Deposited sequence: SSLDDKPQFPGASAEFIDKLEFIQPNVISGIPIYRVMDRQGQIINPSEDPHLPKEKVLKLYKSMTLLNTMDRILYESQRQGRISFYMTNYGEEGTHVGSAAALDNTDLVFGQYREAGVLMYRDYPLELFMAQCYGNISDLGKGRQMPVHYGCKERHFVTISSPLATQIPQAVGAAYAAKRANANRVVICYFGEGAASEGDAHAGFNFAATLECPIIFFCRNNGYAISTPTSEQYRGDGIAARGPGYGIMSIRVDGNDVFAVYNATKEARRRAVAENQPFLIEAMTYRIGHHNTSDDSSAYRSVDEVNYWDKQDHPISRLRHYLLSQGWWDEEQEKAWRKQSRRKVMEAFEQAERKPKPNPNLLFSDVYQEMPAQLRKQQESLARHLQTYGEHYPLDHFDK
């Protein structure tokens, strides 16, 4: 054949290509449910200090989740999304990145910030919309962002960050300084048109990007049987020319290994990689705790002491976040554009005049002045 669109032989018999969904792309695992290394050649032999950091980051996230989830049930904060089941995918992948690699994500990625030492005060400040929030209290809770830790502010519309992350990776390639971009999304979000845009652009424009899909079998009430009919998200990658792998998201070491290798090759080759990590909507924290015990790197006393210390640190941040004022109401008008248009300043002045007269009817009490 001489067709520019594809490289292929002729065939003289009619045969449809059948998807292999029953025995799909296999699930990479490094340690079993008892925390035992299955294949010694795959063990990353991470040092004790690093592995303890993985463990303490996951558990501290879980401690914070418990407390803020209760806070939401009481109406103290307006909204919350937990990280349960996703602690391993996020802490294991973050540990495989360079500190300056740029992260795009959505609602399940707080562990990446936790691994990057994002202060508990600032997670709290965003959920309370208080004066310490660098986001100025403008977005709903858990819409985190940090310029200093290269974690692009989350937005609620699903999958919009996917083609954006590809553009930032293209820009990085041109800047030539050995940086990758990672982009997280769920298997529901992968149904969006913007996923097809980002996967294809990353391949044709040769971008150093890791796409990290978390597949937990559900998008709200929708099981994956109603979400797609191919072999999950990993089987889509090769159709776009993207190197792809599936991993056990309850295994921090399998997540770490795949992310480390994808990062190495993405940067060297300027080509995208897709990791689909399977999780549940057999927990990553339990599995890693079993591993620590086998190495002699943890025990019940240390576990007790860290449970106590971590609860104390979260409660200290929590109480302080609740007692801080909210930002000045003037801040509802800045940053719409970089400058403030004169007509927008006129609207700001109109609010200031309004509050002078009718202020008793507004909660001016816990807003900064």
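Participant: Unmodelled stretches of the deposited sequence, numbered from 1?
Facilitator: Several stretches lack coordinates - namely 1 to 6, 288 to 312, in sequence order.
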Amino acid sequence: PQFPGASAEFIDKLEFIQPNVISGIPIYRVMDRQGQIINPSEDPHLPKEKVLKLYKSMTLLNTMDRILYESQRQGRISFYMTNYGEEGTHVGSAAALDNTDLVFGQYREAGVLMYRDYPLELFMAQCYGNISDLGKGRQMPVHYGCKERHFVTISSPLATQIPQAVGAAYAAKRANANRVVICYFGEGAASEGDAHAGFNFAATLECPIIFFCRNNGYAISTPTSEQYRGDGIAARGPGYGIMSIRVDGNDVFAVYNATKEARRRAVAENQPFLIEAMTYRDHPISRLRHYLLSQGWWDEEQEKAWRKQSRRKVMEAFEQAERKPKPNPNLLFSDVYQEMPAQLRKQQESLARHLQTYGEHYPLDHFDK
From here on, numbers count along this sequence of modelled residues.
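Take the two forms, superpose them, and find the largest set of C-alpha atoms that agree within 1.5 Å; that set is the rigid core.
Participant: Quick check: by Cα RMS after rigid core superposition, does 22 to 30 or 315 to 323 differ more from this form in 7 other deposited structures of this protein?
Facilitator: Evaluated in 7 other deposited structures of this protein, the stretch farther from the shown form is 22 to 30.
Participant: Can you let me know which of the two, 199 to 207 or 74 to 82, has the higher average C-alpha B-factor in the entry?
Facilitator: Taking the mean B-factor of the alpha carbons in each, 74 to 82 is higher.
Participant: Do the C-alpha atoms of 5 to 13 or of 19 to 27 have the higher average B factor in the entry?
Facilitator: Mean B over CA atoms: larger for 19 to 27.
Participant: Between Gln164, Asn176, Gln139, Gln227, where does the Cα B-factor run highest in the record?
Facilitator: Each of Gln164, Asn176, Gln139, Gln227 was compared by C-alpha B-factor; the highest is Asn176.
Participant: Going by the CA temperature factor in the entry, name the top one among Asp299, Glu87, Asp117, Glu187.
Facilitator: Most elevated C-alpha B-factor of the set, per the entry: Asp299.
Participant: Among the modelled residues of its chain, does the C-alpha B-factor of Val152 lie in the lowest, middle or highest third?
Facilitator: Lowest third.
Participant: Taking the chain's C-alpha temperature factors as the reference, tell me which third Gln347 falls into: lowest, middle or highest.
Facilitator: Lowest third - that is where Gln347 ends up once the chain's C-alpha B-factors are sorted.
Participant: Considering every modelled residue of the chain and its Cα B-factor in the PDB entry, is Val255 in the lowest, middle or highest third?
Facilitator: As the PDB entry reports it, the C-alpha B-factor of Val255 lands in the lowest third of its chain.
Participant: According to the PDB entry, is the CA B factor of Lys50 in the bottom, middle or top third of its chain, that is, lowest, middle or highest?
Facilitator: Middle third by C-alpha B-factor.
Participant: Sorting the chain's CA B-factors, does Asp101 end up in the lowest, middle or highest third?
Facilitator: For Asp101, the deposited C-alpha B-factor lands in the middle third.
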